[PDB]
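Presented below is the structure to which this report refers.
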Amino acid sequence: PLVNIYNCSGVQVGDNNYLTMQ
Amino acid sequence: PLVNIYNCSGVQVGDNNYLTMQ
Amino acid sequence: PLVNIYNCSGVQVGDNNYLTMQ
Numbered sequence: 448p449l450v451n452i453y454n455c456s457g458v459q460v461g462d463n464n465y466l467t468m469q
Numbered sequence: 448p449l450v451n452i453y454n455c456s457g458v459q460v461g462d463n464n465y466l467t468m469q
Numbered sequence: 448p449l450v451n452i453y454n455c456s457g458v459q460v461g462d463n464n465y466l467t468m469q
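Now the structure itself:
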């Protein structure tokens, strides 16, 4: 459930369709 | 359910259609 | 259901059509 990510770029949490970025 | 992300860029939470960014 | 994101940039919650940004 909870994540507590506080990242700084592209990020899923999870299902189909693998994200893209550059 | 809950996430508590407080990230600072592109982010899904999850389904089809993988996001894009740059 | 609930998310509690308080992020600071592009973000879906999830369905088709992968968002874009820059």
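Chains as they are written, first to last, in PDB author numbering: chain A, 448 to 469; chain B, 448 to 469; chain C, 448 to 469. Heads up, the beta-carbon is just placed ideally off N, CA and C, and yes, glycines get one too.
Worksheet entry | C-alpha distance - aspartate 462(C) paired with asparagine 463(B), whole-angstrom precision | Within the third sequence, the letter at position 15 stands for residue 462(C). Within the second sequence, the letter at position 16 stands for residue 463(B). When rounded, the distance between both Cα atoms is 5 angstroms.
Worksheet entry | Whole-angstrom distance between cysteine 455(A) and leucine 466(C), CA atom to CA atom | Working through the third sequence from its first residue, we reach residue 466(C) at position 19. Working through the first sequence from its first residue, we reach residue 455(A) at position 8. Spanning the two alpha carbons is a distance of roughly 17 angstroms.
Worksheet item: List, in order along the chain, the chain A residues whose C-beta lies closer than 8 angstroms to that of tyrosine 465(C)?
Response: For the purposes of this step, residue 465(C) is identified with residue 18 of the third sequence, where counting begins at 1. Among the residues of chain A, those whose CB is under 8 angstroms from the CB of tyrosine 465(C) are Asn464, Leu466 and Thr467, following chain order.
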